[PDB]
Visitor: 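The structure under discussion is supplied below as structure tokens; questions concerning it will follow.
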Amino acid sequence: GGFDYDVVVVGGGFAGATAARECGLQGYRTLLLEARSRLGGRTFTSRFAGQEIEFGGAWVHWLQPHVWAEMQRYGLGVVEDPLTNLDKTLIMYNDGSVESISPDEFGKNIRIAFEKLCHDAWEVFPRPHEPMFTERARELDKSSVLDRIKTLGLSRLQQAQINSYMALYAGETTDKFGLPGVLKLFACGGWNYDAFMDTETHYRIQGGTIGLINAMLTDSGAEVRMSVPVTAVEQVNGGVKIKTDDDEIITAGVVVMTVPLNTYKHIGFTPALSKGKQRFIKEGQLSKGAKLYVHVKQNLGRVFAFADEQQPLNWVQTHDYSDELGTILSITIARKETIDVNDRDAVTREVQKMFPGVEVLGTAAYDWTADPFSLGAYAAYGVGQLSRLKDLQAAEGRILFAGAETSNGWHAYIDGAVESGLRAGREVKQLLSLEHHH
Ligand SMILES: Cc1cc2nc3c(=O)[nH]c(=O)nc-3n(C[C@H](O)[C@H](O)[C@H](O)COP(=O)(O)OP(=O)(O)OC[C@H]3O[C@@H](n4cnc5c(N)ncnc54)[C@H](O)[C@@H]3O)c2cc1C
Ligand SMILES: CN1CCC[C@H]1c1cccnc1
Ligand SMILES: CN1CCC[C@H]1c1cccnc1
């Protein structure tokens, strides 16, 4: 009806890229606005110490249906990051003490702890993609992961392991981490430890995440604008007026918001969003971590380590290793407040506090929690949030909402973002059609 564009997609992560592809291919005049000067959002492929790395999400699996189907469409295969026959497996406790565990007794103890925590996933989530199907799922949304970890009677090692694991998934202390979200994720993977674990940091996309992002946006035909942050959305005249941070207005029939939930405080809405959505906007989601790579010139082979929630290096892994190269450690930090990643002294310190005979040569980090356009990492639900997710998914007039947080399945993954983007495309068609179906 005379607007600048039929649809504006705010955000150039996987959710926005997918929503723009769906829309563009319908023939809609489509615009995507990205605040950063790069695409990918919470995925970001860079380079460090001579090789391609990934500062955010990177690992996918065929059991993740939405992203997998997109890899078929665009013909992208997988690249395997094996870690068979590990050389060292460590557990660092809340006290800072570091125990080298035998690798095979390591995995078996985490399996016991994991399978005990997810003992009722089959029953609670018969339909992982309808999380609130069973009533017990809704009751369990009054408990936290720690509430249950305390009722499982695990050994000392097993408790530290699962809590590190769960603290990483939460990017927070396990007492704030909603319990159902974890069970549903396990269900998505087939209610089976071996299957779920096979999706963990195992397979990467040929050509990186940015390759799939580009393949979607190229396919879409949409206009794409970088370094254009959106500061306000106003519903008016049968459409929307979108305001950028340099005060220029763009009109559209509809808007698809795909920005991370934690970044919504930076955007004004007229009229106001529903109270349910507002509650979500002020609560946010939990994760407040960072990503960190380190370069050691002391070959360490295949390595893994947990650290409980009171140490910084909660999830450590070997990205590569050569007698020449030394080792490059891939590390995910659950809470950035436990360590300043952009300080080479504290990093070298804490790294050596786990691998004492190490010389720290080079480091590269990404502080997702300090970045104004993520203000966090992967989606992590608090207690009682999953039960209210409909409030976050609901359309508000001619404003639709997507993003991994708003997905039903793999909400902490690329796949969730893709899923939410397919939904946004469908909701856009309903709003701009000849026969409607809201
Ligand atoms: C450290 C880390 C490890 C993870 N590992 C994996 C993994 O291995 N595998 C996996 O599948 N998932 C993983 N996850 C989670 C995952 O990557 C995300 O679920 C996924 O990338 C989310 O995409 P999104 O489109 O929903 O949101 P985002 O990727 O955050 O997209 C949001 C976009 O909106 C933009 N934006 C924000 N505010 C504005 C504004 N005001 N105006 C305009 N644009 C704005 C942002 O710049 C950004 O591009 C990881 C994530 C992180 C951070
Ligand atoms: C790679 N896995 C992710 C969860 C723990 C880790 C693992 C698995 C098997 C043996 N040691 C560590
Ligand atoms: C992709 N996962 C979703 C939950 C946390 C995230 C993850 C898992 C393993 C290592 N780093 C990040």
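Note that ligands are numbered from 1 as they come in the structure, with each ligand's atoms numbered from 1 the same way. One-based numbering along the sequence shown. Side chains are part of it too, since the values below use all heavy atoms of this structure and drop only hydrogens, waters and symmetry mates.
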Visitor: Tell me: protein heavy atom nearest atom 2 (N) of ligand 2, and distance?
Guide: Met197 CE, 3.6 Å

Visitor: Identify the protein heavy atom lying closest to atom 7 (C) of ligand 3, giving its residue, its atom name and the separation to 0.1 Å.
Guide: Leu168 CD2, 4.3 Å

Visitor: Hey, is ligand 1 close enough to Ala58 that some N/O pair sits below 3.5 Å?
Guide: yes

Visitor: So for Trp315, does at least one of its heavy atoms come nearer than 4.0 angstrom to any atom of ligand 2?
Guide: yes

Visitor: Is the closest heavy-atom distance from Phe114 to ligand 2 below 4.0 Å?
Guide: no

Visitor: Suppose I only count heavy atoms of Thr258 and a 4.0 Å limit; which atoms of ligand 1 are within that range?
Guide: 32 (C)

Visitor: Taking 4.0 angstrom as the limit and counting only heavy atoms of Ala412, give me the atoms of ligand 1 inside it, by number and element.
Guide: 12 (N), 13 (C), 14 (N), 15 (C), 19 (O)

Visitor: With heavy-atom distances below 4.0 Å as the criterion, list the atoms of ligand 1 near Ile414.
Guide: 10 (C), 11 (O), 12 (N), 19 (O)

Visitor: Checking a contact table here: which protein heavy atom is nearest atom 19 (O) of ligand 1, and how many Å away?
Guide: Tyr413 O, 2.9 Å

Visitor: Which of the atoms of ligand 1 are close to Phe55, meaning less than 4.0 Å from one of its heavy atoms?
Guide: 1 (C)

Visitor: So between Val259, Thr201, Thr18, whose heavy atom ends up nearest atom 36 (N) of ligand 1?
Guide: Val259

Visitor: Could you tell me which atoms of ligand 1, counted from 1 in the order shown, lie closer than 4.0 angstrom to a heavy atom of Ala417?
Guide: 22 (C), 23 (O), 24 (P), 25 (O), 26 (O)

Visitor: Distance to 0.1 Å, residue and atom name: give those for the protein heavy atom nearest to atom 44 (N) of ligand 1.
Guide: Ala35 N, 3.3 Å

Visitor: Where is the nearest protein heavy atom to atom 26 (O) of ligand 1: which residue, which atom, and how far?
Guide: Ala404 N, 2.8 Å

Visitor: Using a 3.5 Å cut-off on N or O atoms only, is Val60 in polar contact with ligand 1?
Guide: no

Visitor: Would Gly403 count as a polar contact of ligand 1, with the cut-off being nitrogen or oxygen pairs under 3.5 Å?
Guide: no

Visitor: Taking 4.0 Å as the limit for heavy-atom contacts, which would you say applies to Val10 with ligand 1: side chain only, backbone only, both, or neither?
Guide: side chain

Visitor: Provide the number and element of each atom of ligand 1 under 4.0 Å from a heavy atom of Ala377.
Guide: 53 (C)

Visitor: Report yes or no: does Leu86 have a heavy atom closer than 4.0 Å to ligand 2?
Guide: yes

Visitor: Do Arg36 and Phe373 meet the cation-pi criteria used here (NZ or CZ under 6.0 Å from the six-membered ring centre, within 45° of the axis)?
Guide: no

Visitor: Taking only residues two or more places apart in sequence, or in another chain, which ones meet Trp59 in a ring pair (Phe, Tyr, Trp, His ring centres under 6.0 Å)?
Guide: none

Visitor: Using a 4.0 Å cutoff against the non-hydrogen atoms of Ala412, which atoms of ligand 3 qualify?
Guide: 3 (C)

Visitor: Between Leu39 and ligand 1, which residue portion shows a heavy-atom distance shorter than 4.0 Å: side chain, backbone, both, or neither?
Guide: neither

